[PDB]
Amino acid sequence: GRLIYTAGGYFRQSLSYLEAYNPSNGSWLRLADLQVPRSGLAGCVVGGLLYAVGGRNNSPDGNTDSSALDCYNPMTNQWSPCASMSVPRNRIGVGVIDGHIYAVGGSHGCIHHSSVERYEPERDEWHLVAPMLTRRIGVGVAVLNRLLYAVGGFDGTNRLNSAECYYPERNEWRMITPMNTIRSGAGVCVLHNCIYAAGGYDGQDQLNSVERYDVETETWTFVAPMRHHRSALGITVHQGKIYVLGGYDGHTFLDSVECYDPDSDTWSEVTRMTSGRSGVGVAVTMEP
(Lines of atoms letter the chains of each structure in order from A and count residues from 1; the text may use other names and numbers.)
(Lines give C-alpha, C1' and ligand atoms only; values in the text may rest on other atoms or scores of the structure.)
Protein backbone atom coordinates (compact mmCIF):
# COMPACT_ATOMS: atom_id res chain seq x y z
CA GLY A 1 0.00 0.00 0.00
CA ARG A 2 1.05 3.57 0.76
CA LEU A 3 2.06 4.19 4.42
CA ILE A 4 4.75 2.86 6.75
CA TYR A 5 3.12 1.98 10.07
CA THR A 6 5.07 1.82 13.31
CA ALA A 7 3.38 0.23 16.31
CA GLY A 8 4.48 0.13 19.91
CA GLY A 9 8.10 0.25 20.97
CA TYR A 10 10.03 1.34 24.04
CA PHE A 11 11.32 4.52 25.65
CA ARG A 12 11.50 4.39 29.48
CA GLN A 13 8.60 1.93 29.26
CA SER A 14 6.68 0.01 26.61
CA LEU A 15 4.62 2.27 24.35
CA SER A 16 1.16 2.20 22.79
CA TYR A 17 1.83 4.50 19.83
CA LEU A 18 0.56 3.79 16.35
CA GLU A 19 1.98 6.33 13.87
CA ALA A 20 2.06 6.20 10.09
CA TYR A 21 4.64 7.81 7.81
CA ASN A 22 3.91 8.80 4.21
CA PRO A 23 7.09 8.62 2.09
CA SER A 24 5.42 10.58 -0.70
CA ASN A 25 5.04 13.77 1.41
CA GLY A 26 7.11 13.34 4.59
CA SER A 27 4.12 13.50 6.94
CA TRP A 28 3.45 11.50 10.11
CA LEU A 29 -0.04 10.66 11.40
CA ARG A 30 -0.79 9.57 14.96
CA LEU A 31 -3.49 6.87 14.87
CA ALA A 32 -5.36 4.81 17.46
CA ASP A 33 -3.22 3.58 20.34
CA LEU A 34 -2.70 -0.11 20.90
CA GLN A 35 -5.03 -1.46 23.59
CA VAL A 36 -1.99 -2.76 25.53
CA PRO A 37 1.49 -1.15 25.44
CA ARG A 38 4.13 -3.37 23.93
CA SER A 39 7.78 -3.43 22.93
CA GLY A 40 9.62 -6.23 21.24
CA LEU A 41 6.61 -7.04 19.05
CA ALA A 42 6.52 -7.56 15.29
CA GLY A 43 4.19 -6.11 12.69
CA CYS A 44 2.88 -7.58 9.45
CA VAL A 45 0.08 -7.09 6.94
CA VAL A 46 -2.43 -9.61 5.58
CA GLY A 47 -5.33 -8.54 3.37
CA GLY A 48 -4.73 -4.86 3.96
CA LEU A 49 -5.01 -5.38 7.72
CA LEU A 50 -2.17 -4.53 10.10
CA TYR A 51 -1.30 -7.13 12.74
CA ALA A 52 0.69 -6.63 15.94
CA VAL A 53 2.14 -9.87 17.33
CA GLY A 54 3.70 -10.71 20.70
CA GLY A 55 6.10 -8.41 22.53
CA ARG A 56 5.87 -7.47 26.18
CA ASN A 57 4.45 -4.74 28.36
CA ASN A 58 7.34 -3.36 30.39
CA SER A 59 5.79 -0.83 32.79
CA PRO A 60 6.65 0.52 36.22
CA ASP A 61 4.10 -1.93 37.68
CA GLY A 62 5.10 -5.03 35.68
CA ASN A 63 6.83 -6.98 32.93
CA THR A 64 4.27 -9.14 31.11
CA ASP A 65 5.24 -11.04 27.97
CA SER A 66 2.54 -11.00 25.32
CA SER A 67 0.92 -13.90 23.47
CA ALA A 68 -1.46 -11.43 21.86
CA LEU A 69 -2.44 -10.95 18.23
CA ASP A 70 -4.25 -7.69 17.49
CA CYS A 71 -5.58 -6.41 14.18
CA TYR A 72 -5.74 -2.77 13.04
CA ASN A 73 -8.09 -1.83 10.21
CA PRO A 74 -7.04 1.43 8.52
CA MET A 75 -10.57 2.05 7.26
CA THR A 76 -11.96 2.16 10.82
CA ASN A 77 -8.88 3.31 12.75
CA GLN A 78 -9.74 0.58 15.26
CA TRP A 79 -7.85 -2.29 16.86
CA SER A 80 -9.58 -5.67 17.36
CA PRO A 81 -8.19 -8.62 19.34
CA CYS A 82 -7.57 -11.90 17.56
CA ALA A 83 -6.91 -15.38 18.90
CA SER A 84 -3.83 -15.47 21.12
CA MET A 85 -0.78 -17.62 20.47
CA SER A 86 0.06 -20.84 22.31
CA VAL A 87 2.73 -18.98 24.36
CA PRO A 88 3.95 -15.45 25.08
CA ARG A 89 6.68 -14.32 22.66
CA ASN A 90 8.71 -11.24 23.48
CA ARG A 91 11.49 -10.28 21.06
CA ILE A 92 9.54 -12.08 18.35
CA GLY A 93 9.91 -12.31 14.61
CA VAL A 94 7.10 -12.86 12.11
CA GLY A 95 6.61 -13.56 8.42
CA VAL A 96 3.64 -13.94 6.10
CA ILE A 97 3.28 -16.77 3.59
CA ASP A 98 0.15 -17.34 1.48
CA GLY A 99 -2.02 -15.23 3.79
CA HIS A 100 -0.85 -16.99 6.98
CA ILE A 101 1.17 -15.41 9.77
CA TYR A 102 4.17 -17.31 11.11
CA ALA A 103 5.25 -16.42 14.64
CA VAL A 104 8.84 -17.40 15.34
CA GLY A 105 10.83 -17.78 18.53
CA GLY A 106 10.90 -15.07 21.17
CA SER A 107 10.98 -15.28 24.96
CA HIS A 108 8.66 -16.00 27.88
CA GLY A 109 10.62 -15.07 30.97
CA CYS A 110 13.83 -17.08 30.89
CA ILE A 111 12.29 -19.47 28.32
CA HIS A 112 13.91 -18.95 24.91
CA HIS A 113 11.67 -20.47 22.27
CA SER A 114 12.51 -22.64 19.29
CA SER A 115 8.77 -23.13 18.72
CA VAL A 116 6.93 -21.70 15.73
CA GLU A 117 3.20 -21.34 15.10
CA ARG A 118 1.02 -20.31 12.18
CA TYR A 119 -2.12 -18.14 12.19
CA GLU A 120 -4.97 -18.53 9.69
CA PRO A 121 -7.06 -15.32 9.57
CA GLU A 122 -10.03 -17.02 7.89
CA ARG A 123 -10.39 -19.37 10.88
CA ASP A 124 -8.98 -17.09 13.64
CA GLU A 125 -6.79 -20.01 14.74
CA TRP A 126 -3.16 -20.64 15.61
CA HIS A 127 -1.43 -23.99 15.15
CA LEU A 128 2.10 -25.07 16.02
CA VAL A 129 4.43 -26.18 13.21
CA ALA A 130 7.87 -27.77 13.39
CA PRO A 131 10.23 -25.88 15.75
CA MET A 132 13.49 -24.31 14.68
CA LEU A 133 16.77 -26.16 15.06
CA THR A 134 17.92 -23.33 17.36
CA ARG A 135 16.26 -21.34 20.12
CA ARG A 136 16.13 -17.72 18.94
CA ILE A 137 14.97 -14.51 20.62
CA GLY A 138 15.58 -11.15 19.00
CA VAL A 139 15.25 -13.18 15.81
CA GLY A 140 14.98 -11.58 12.39
CA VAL A 141 12.38 -13.18 10.11
CA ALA A 142 11.79 -12.72 6.40
CA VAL A 143 9.97 -14.45 3.54
CA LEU A 144 11.46 -14.96 0.09
CA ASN A 145 9.97 -17.13 -2.63
CA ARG A 146 7.44 -18.54 -0.13
CA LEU A 147 10.15 -19.84 2.20
CA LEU A 148 10.56 -18.57 5.78
CA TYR A 149 13.95 -17.52 7.14
CA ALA A 150 15.03 -17.06 10.77
CA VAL A 151 18.20 -15.04 11.17
CA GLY A 152 20.44 -14.52 14.16
CA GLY A 153 19.10 -13.83 17.63
CA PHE A 154 20.02 -15.08 21.10
CA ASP A 155 19.65 -18.72 22.17
CA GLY A 156 19.78 -18.25 25.96
CA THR A 157 23.56 -18.34 26.13
CA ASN A 158 25.08 -16.84 22.96
CA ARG A 159 24.17 -14.28 20.35
CA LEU A 160 24.09 -15.94 16.94
CA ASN A 161 25.40 -15.50 13.42
CA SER A 162 23.53 -18.65 12.33
CA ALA A 163 20.40 -18.69 10.20
CA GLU A 164 17.91 -21.31 9.04
CA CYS A 165 15.04 -21.76 6.57
CA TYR A 166 11.60 -23.37 6.89
CA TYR A 167 10.19 -25.38 3.96
CA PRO A 168 6.42 -25.42 4.52
CA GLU A 169 5.52 -28.40 2.31
CA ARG A 170 8.10 -30.48 4.23
CA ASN A 171 7.38 -28.90 7.65
CA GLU A 172 11.13 -28.93 8.12
CA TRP A 173 13.85 -26.44 9.12
CA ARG A 174 17.36 -26.48 7.63
CA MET A 175 20.38 -24.37 8.44
CA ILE A 176 21.60 -21.97 5.78
CA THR A 177 24.98 -20.29 5.46
CA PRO A 178 25.69 -18.26 8.62
CA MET A 179 26.10 -14.53 8.43
CA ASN A 180 29.55 -12.94 8.64
CA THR A 181 28.47 -11.07 11.79
CA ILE A 182 26.83 -12.08 15.06
CA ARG A 183 23.51 -10.22 15.16
CA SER A 184 20.78 -10.23 17.79
CA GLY A 185 17.93 -7.73 17.58
CA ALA A 186 18.73 -6.92 13.95
CA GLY A 187 16.28 -5.79 11.29
CA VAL A 188 15.68 -8.41 8.59
CA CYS A 189 13.79 -7.94 5.34
CA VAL A 190 13.72 -9.06 1.71
CA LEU A 191 14.59 -7.01 -1.35
CA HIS A 192 14.76 -8.48 -4.84
CA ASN A 193 16.33 -11.94 -4.35
CA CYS A 194 18.23 -11.27 -1.12
CA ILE A 195 17.61 -11.40 2.62
CA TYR A 196 19.03 -8.30 4.28
CA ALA A 197 20.20 -8.20 7.90
CA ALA A 198 20.80 -4.65 9.20
CA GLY A 199 22.17 -3.65 12.58
CA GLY A 200 21.61 -5.62 15.75
CA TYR A 201 23.83 -6.31 18.73
CA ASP A 202 26.88 -8.59 18.43
CA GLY A 203 27.54 -9.09 22.15
CA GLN A 204 29.81 -6.02 22.43
CA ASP A 205 28.39 -3.19 20.30
CA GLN A 206 25.30 -2.11 18.46
CA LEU A 207 26.00 -2.45 14.74
CA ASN A 208 25.70 -0.21 11.68
CA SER A 209 26.79 -2.92 9.23
CA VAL A 210 24.37 -4.50 6.76
CA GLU A 211 24.71 -7.77 4.86
CA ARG A 212 22.53 -9.65 2.44
CA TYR A 213 22.03 -13.31 1.59
CA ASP A 214 21.58 -14.19 -2.08
CA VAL A 215 19.44 -17.32 -2.15
CA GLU A 216 20.88 -18.32 -5.53
CA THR A 217 24.52 -18.24 -4.39
CA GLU A 218 23.99 -19.01 -0.66
CA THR A 219 26.54 -16.32 0.29
CA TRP A 220 26.31 -13.27 2.54
CA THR A 221 27.82 -10.00 1.26
CA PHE A 222 28.19 -6.70 3.10
CA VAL A 223 26.62 -3.60 1.58
CA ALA A 224 26.97 0.04 2.65
CA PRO A 225 26.54 0.50 6.43
CA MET A 226 23.79 2.58 7.95
CA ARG A 227 24.63 6.04 9.22
CA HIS A 228 23.62 5.00 12.74
CA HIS A 229 24.49 1.95 14.75
CA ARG A 230 21.28 0.42 15.99
CA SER A 231 19.74 -2.57 17.72
CA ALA A 232 16.04 -3.36 18.13
CA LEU A 233 15.28 -1.39 14.97
CA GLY A 234 12.16 -1.54 12.87
CA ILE A 235 12.57 -2.38 9.20
CA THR A 236 10.44 -2.61 6.11
CA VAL A 237 10.50 -2.29 2.35
CA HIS A 238 8.57 0.34 0.38
CA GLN A 239 8.88 0.87 -3.40
CA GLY A 240 12.14 -1.03 -3.71
CA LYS A 241 13.97 0.68 -0.82
CA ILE A 242 14.64 -0.44 2.75
CA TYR A 243 13.52 1.82 5.61
CA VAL A 244 14.99 1.38 9.10
CA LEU A 245 13.22 3.07 11.99
CA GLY A 246 14.51 3.91 15.43
CA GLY A 247 16.39 1.54 17.67
CA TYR A 248 19.06 1.92 20.33
CA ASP A 249 22.60 3.06 19.51
CA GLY A 250 24.17 2.50 22.94
CA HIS A 251 23.52 6.09 24.07
CA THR A 252 20.16 7.23 22.71
CA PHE A 253 16.82 5.79 21.65
CA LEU A 254 16.87 6.93 18.05
CA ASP A 255 14.23 8.89 16.18
CA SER A 256 16.28 8.50 12.98
CA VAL A 257 14.68 6.89 9.91
CA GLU A 258 17.16 5.90 7.18
CA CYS A 259 16.47 4.71 3.64
CA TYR A 260 18.63 2.36 1.54
CA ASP A 261 18.76 2.66 -2.24
CA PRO A 262 20.16 -0.66 -3.56
CA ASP A 263 20.92 0.81 -7.00
CA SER A 264 23.30 3.44 -5.55
CA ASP A 265 24.28 1.40 -2.44
CA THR A 266 23.68 4.45 -0.26
CA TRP A 267 21.76 5.24 2.90
CA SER A 268 20.20 8.63 3.51
CA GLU A 269 18.14 10.09 6.35
CA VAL A 270 14.55 10.57 5.21
CA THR A 271 12.62 11.68 8.33
CA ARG A 272 12.54 11.46 12.11
CA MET A 273 9.95 9.68 14.17
CA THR A 274 7.99 11.96 16.46
CA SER A 275 10.04 10.60 19.38
CA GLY A 276 12.95 8.20 19.78
CA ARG A 277 12.11 4.57 20.55
CA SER A 278 13.25 0.98 20.03
CA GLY A 279 11.53 -2.39 19.68
CA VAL A 280 8.76 -1.28 17.31
CA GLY A 281 6.69 -3.36 14.93
CA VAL A 282 6.60 -2.10 11.35
CA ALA A 283 4.59 -2.87 8.23
CA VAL A 284 3.18 -1.21 5.11
CA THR A 285 -0.45 -0.89 4.02
CA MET A 286 -3.05 1.55 2.71
CA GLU A 287 -3.61 4.94 4.31
CA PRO A 288 -6.54 5.07 6.81
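In this text, residue numbers run from 1 along the sequence as written.
- Averaged over Cα atoms, the B-factor as recorded in the entry is higher for 196 to 204 than for the other of 141 to 149 and 196 to 204.
- Legend: mean Cα B-factor per stretch from the PDB entry, 95 to 103 versus 71 to 79; the higher mean is in 71 to 79.
- You'll see in the entry that, of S66, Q239, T219, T236, the Cα B factor peaks at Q239.
- Sorting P121, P88, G187, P131 by the CA temperature factor given in the entry leaves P121 at the top.
- In the PDB entry, a CA B factor belonging to the lowest third of its chain's modelled residues is recorded for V280.
- Among all modelled residues in its chain, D214 ranks in the middle third by Cα B-factor.
- Per-chain ranking of the deposited C-alpha B factor places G54 in the lowest third.
- Ranked within its chain, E169 lands in the middle third, by CA B factor from the PDB record.
- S114: CA B factor lies in the lowest third for its chain, per the PDB record.
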